[PDB]
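Printed here is run29.txt (compact mmCIF, C-alpha atoms and all ligand atoms):
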```txt
# COMPACT_ATOMS: atom_id res chain seq x y z
CA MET A 113 115.19 103.28 94.46
CA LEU A 114 112.56 104.42 97.02
CA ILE A 115 111.64 107.39 99.22
CA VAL A 116 112.44 106.93 102.88
CA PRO A 117 110.49 106.70 105.11
CA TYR A 118 108.67 104.06 103.06
CA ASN A 119 105.38 102.35 103.84
CA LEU A 120 104.86 98.86 102.44
CA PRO A 121 101.26 97.67 102.80
CA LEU A 122 100.95 94.02 103.96
CA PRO A 123 97.48 93.10 102.61
CA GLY A 124 95.51 91.11 105.17
CA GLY A 125 98.43 91.32 107.59
CA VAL A 126 101.14 88.79 108.10
CA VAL A 127 100.95 85.01 108.30
CA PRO A 128 103.41 82.21 108.85
CA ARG A 129 105.44 81.54 105.63
CA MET A 130 105.40 85.17 104.59
CA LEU A 131 108.94 86.43 103.78
CA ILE A 132 109.66 90.15 103.66
CA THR A 133 112.87 91.27 101.90
CA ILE A 134 114.43 94.69 102.23
CA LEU A 135 117.46 95.67 100.05
CA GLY A 136 119.30 98.92 100.61
CA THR A 137 122.64 100.54 101.33
CA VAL A 138 123.56 102.11 104.67
CA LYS A 139 124.47 105.80 104.40
CA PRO A 140 128.07 106.88 105.13
CA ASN A 141 127.71 108.20 108.65
CA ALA A 142 124.61 106.32 109.73
CA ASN A 143 123.05 106.73 113.13
CA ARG A 144 119.99 104.41 112.93
CA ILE A 145 117.68 102.22 110.85
CA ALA A 146 114.16 101.13 111.75
CA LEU A 147 111.66 98.55 110.52
CA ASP A 148 108.20 99.00 112.08
CA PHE A 149 105.63 96.21 111.54
CA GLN A 150 102.48 98.06 112.54
CA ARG A 151 98.96 97.15 113.65
CA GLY A 152 97.28 100.55 113.27
CA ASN A 153 99.08 102.89 115.73
CA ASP A 154 100.67 99.93 117.53
CA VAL A 155 104.11 98.63 116.54
CA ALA A 156 104.03 94.84 116.69
CA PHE A 157 107.72 94.54 115.86
CA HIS A 158 110.26 97.38 115.90
CA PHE A 159 113.70 96.33 114.59
CA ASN A 160 116.15 99.17 115.28
CA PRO A 161 119.89 99.02 114.50
CA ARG A 162 121.69 101.84 116.42
CA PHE A 163 125.17 102.74 115.14
CA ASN A 164 126.24 104.88 118.07
CA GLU A 165 124.54 104.29 121.38
CA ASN A 166 127.33 105.37 123.84
CA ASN A 167 129.88 104.44 121.12
CA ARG A 168 128.50 100.93 120.72
CA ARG A 169 126.51 99.31 117.92
CA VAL A 170 123.33 97.46 119.04
CA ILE A 171 120.08 96.20 117.63
CA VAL A 172 117.07 97.12 119.71
CA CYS A 173 113.76 95.24 119.25
CA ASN A 174 110.48 96.16 120.89
CA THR A 175 106.69 96.52 120.70
CA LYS A 176 104.66 99.74 121.13
CA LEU A 177 101.10 99.32 122.54
CA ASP A 178 98.76 102.30 123.13
CA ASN A 179 101.81 104.65 122.59
CA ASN A 180 103.95 102.81 125.28
CA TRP A 181 107.16 100.95 124.47
CA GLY A 182 107.57 97.69 126.22
CA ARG A 183 110.64 95.69 127.34
CA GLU A 184 113.53 95.89 124.86
CA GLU A 185 115.25 92.82 123.49
CA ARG A 186 118.85 93.62 122.60
CA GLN A 187 121.26 91.89 120.15
CA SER A 188 124.99 92.96 120.01
CA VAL A 189 125.66 90.91 116.85
CA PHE A 190 125.61 93.82 114.41
CA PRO A 191 125.90 92.91 110.72
CA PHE A 192 125.38 96.35 109.21
CA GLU A 193 128.23 98.67 108.12
CA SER A 194 128.02 102.27 107.17
CA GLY A 195 128.36 102.69 103.41
CA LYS A 196 127.61 99.02 102.57
CA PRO A 197 124.70 97.22 100.83
CA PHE A 198 122.56 94.90 102.92
CA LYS A 199 119.68 92.46 102.65
CA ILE A 200 117.23 92.04 105.52
CA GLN A 201 114.91 89.00 105.38
CA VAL A 202 112.08 88.75 107.89
CA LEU A 203 110.35 85.37 107.84
CA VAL A 204 107.11 85.13 109.77
CA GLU A 205 107.03 81.85 111.77
CA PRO A 206 104.22 80.60 114.01
CA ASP A 207 105.89 81.85 117.32
CA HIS A 208 108.20 84.70 116.13
CA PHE A 209 109.57 86.89 113.42
CA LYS A 210 112.87 85.34 112.22
CA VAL A 211 115.43 87.84 110.89
CA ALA A 212 118.45 87.12 108.69
CA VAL A 213 120.86 89.77 107.37
CA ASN A 214 123.04 89.05 104.36
CA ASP A 215 121.85 85.41 104.41
CA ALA A 216 122.99 84.85 108.06
CA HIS A 217 120.48 84.31 110.83
CA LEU A 218 120.49 87.25 113.23
CA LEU A 219 117.65 87.04 115.75
CA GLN A 220 114.09 86.01 116.45
CA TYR A 221 111.39 88.05 118.11
CA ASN A 222 108.44 86.27 119.80
CA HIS A 223 104.97 87.49 118.83
CA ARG A 224 103.63 89.88 121.43
CA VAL A 225 100.88 91.15 119.09
CA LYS A 226 98.75 87.99 118.53
CA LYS A 227 96.46 89.28 115.72
CA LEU A 228 98.91 88.63 112.91
CA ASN A 229 96.34 89.36 110.19
CA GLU A 230 96.01 92.95 111.56
CA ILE A 231 99.75 93.72 111.20
CA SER A 232 99.13 95.28 107.85
CA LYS A 233 101.88 97.89 107.28
CA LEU A 234 105.68 97.87 107.30
CA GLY A 235 107.43 101.22 107.77
CA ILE A 236 111.06 101.43 106.71
CA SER A 237 113.01 104.43 107.99
CA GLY A 238 116.42 105.79 108.87
CA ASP A 239 119.83 106.29 107.40
CA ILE A 240 119.61 104.15 104.24
CA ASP A 241 119.26 104.34 100.54
CA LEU A 242 116.33 101.96 99.95
CA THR A 243 116.53 99.85 96.85
CA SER A 244 113.51 97.53 97.23
CA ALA A 245 110.94 96.23 99.69
CA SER A 246 108.81 93.24 98.83
CA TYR A 247 107.20 90.06 100.10
CA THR A 248 106.49 86.52 98.96
CA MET A 249 105.09 83.30 100.40
CA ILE A 250 107.51 80.41 100.89
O1 LIG A 301 109.65 105.95 116.29
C1 LIG A 301 110.71 106.64 116.22
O2 LIG A 301 111.00 107.41 115.15
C2 LIG A 301 112.20 108.10 114.99
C3 LIG A 301 112.37 108.96 113.89
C4 LIG A 301 113.58 109.63 113.70
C5 LIG A 301 114.66 109.46 114.58
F1 LIG A 301 115.84 110.13 114.47
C6 LIG A 301 114.53 108.60 115.80
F2 LIG A 301 115.57 108.41 116.70
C7 LIG A 301 113.25 107.93 116.00
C8 LIG A 301 113.02 107.05 117.09
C9 LIG A 301 111.79 106.42 117.16
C10 LIG A 301 111.45 105.44 118.22
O3 LIG A 301 112.57 105.40 119.06
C11 LIG A 301 112.38 104.79 120.29
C12 LIG A 301 112.40 103.25 120.09
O4 LIG A 301 113.57 102.82 119.40
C13 LIG A 301 112.36 102.68 121.50
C14 LIG A 301 112.43 101.17 121.54
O5 LIG A 301 112.49 100.66 122.90
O6 LIG A 301 113.49 103.14 122.27
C15 LIG A 301 113.42 104.50 122.54
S1 LIG A 301 114.87 104.95 123.47
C16 LIG A 301 114.76 104.11 125.01
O7 LIG A 301 114.34 105.08 126.01
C17 LIG A 301 114.06 104.38 127.18
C18 LIG A 301 113.58 105.43 128.20
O8 LIG A 301 112.70 106.34 127.53
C19 LIG A 301 115.28 103.56 127.65
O9 LIG A 301 116.30 104.54 127.95
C20 LIG A 301 115.79 102.56 126.62
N1 LIG A 301 116.96 101.83 127.08
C21 LIG A 301 117.21 100.54 127.52
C22 LIG A 301 118.57 100.39 127.89
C23 LIG A 301 119.38 99.22 128.40
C24 LIG A 301 120.68 99.50 128.76
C25 LIG A 301 121.57 98.54 129.25
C26 LIG A 301 121.14 97.22 129.36
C27 LIG A 301 119.85 96.90 128.99
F3 LIG A 301 119.45 95.64 129.07
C28 LIG A 301 118.95 97.92 128.52
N2 LIG A 301 119.14 101.58 127.60
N3 LIG A 301 118.14 102.46 127.07
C29 LIG A 301 116.03 103.32 125.36
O10 LIG A 301 116.34 102.43 124.31
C30 LIG A 301 113.48 105.25 121.21
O11 LIG A 301 113.36 106.65 121.41
```

Produce structure tokens that represent the structure in this file.
Amino acid sequence: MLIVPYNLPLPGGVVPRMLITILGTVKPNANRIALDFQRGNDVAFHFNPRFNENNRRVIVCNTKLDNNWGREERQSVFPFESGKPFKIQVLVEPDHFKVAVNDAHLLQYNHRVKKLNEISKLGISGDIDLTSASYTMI
């Protein structure tokens, strides 16, 4: 059990082989979730499930640089369900973040922000009950 929004420090930033695990439960009438891997004010990797964007469910990924969002990458595979417990795993790989939900691969997101060891915070926000947020090296 954790207060949302939650900030998880990533000491010394991220590195290939680092695995971030987020456990929570989606609220009953959810509208959105967001993970924000941040490099200061920049968002290296924004992972944003939207439950009702024109009555469709979509995952939006993006990067924010100098307060400007870039080109979205969109995924229609949508593994989250209002009311249900989930596990998000984000594995840092050399060329991308690799995301699996509930043990099934979901998407990868190529590194736009190159200075991995400056991506030193993860913000977790939105319509969830947050159970845990942690990391380990595999
Ligand atoms: O940081 C926050 O904190 C919160 C706290 C609370 C809370 F309630 C919140 F909602 C928040 C939200 C954010 C950040 O949120 C922002 C981030 O998610 C950001 C990521 O890109 O998106 C913006 S939205 C964006 O506005 C844009 C123009 O401005 C466009 O409209 C664009 N877009 C692309 C497409 C599209 C359609 C068809 C095909 C196709 F290929 C693409 N259709 N629309 C559209 O996505 C959003 O606002």

All residues 7 Å or closer to range 171-178 of chain A, only C-alpha atoms, same chain fewer than 3 positions away omitted, as a ChimeraX atom specification: /A:154-162,181-188,190

How far is it from atom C11 of ligand LIG 301 (chain A) to CA of residue 229 in chain A, in Å with one decimal?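 CA of residue 229 in chain A lies 24.4 Å from atom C11 of ligand LIG 301 (chain A).
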
Give the answer as one residue: which of A:192, A:168, A:226, A:210 has the shortest atom-to-atom distance to residue 145 in chain A, using all atoms listed in the file?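 Going through A:192, A:168, A:226, A:210 one by one, the smallest distance to residue 145 in chain A is for A:192.
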
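Closest approach to residue 238 in chain A among A:130, A:122, A:114, A:146: A:146, based on all atoms listed in the file.
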
Do you have, as CSV, the list of residues of range 128-154 of chain A lying at most 9 Å from range 243-249 of chain A, each with its nearest atom pair and that distance in Å to one decimal, counting all atoms listed in the file and ordered by chain then number?
```
residue,atom,partner,partner_atom,distance
A:128,CA,A:249,CA,8.7
A:129,CA,A:249,CA,5.5
A:130,CA,A:249,CA,4.6
A:131,CA,A:248,CA,5.4
A:132,CA,A:247,CA,4.3
A:133,CA,A:246,CA,5.5
A:134,CA,A:245,CA,4.6
A:135,CA,A:244,CA,5.2
A:136,CA,A:243,CA,4.8
A:137,CA,A:243,CA,7.6
```

When you draw a straight line from CA of residue 217 in chain A to atom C17 of ligand LIG 301 (chain A), how long is it in Å? 26.7 Å

What is the distance between CA of residue 212 in chain A and CA of residue 236 in chain A, in Å to one decimal?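 About the pair CA of residue 212 in chain A and CA of residue 236 in chain A: they are 16.2 Å apart.
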
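With all atoms listed in the file as the atoms that count, the residue of A:206, A:117, A:125, A:201 with the shortest distance to residue 242 in chain A is A:117.
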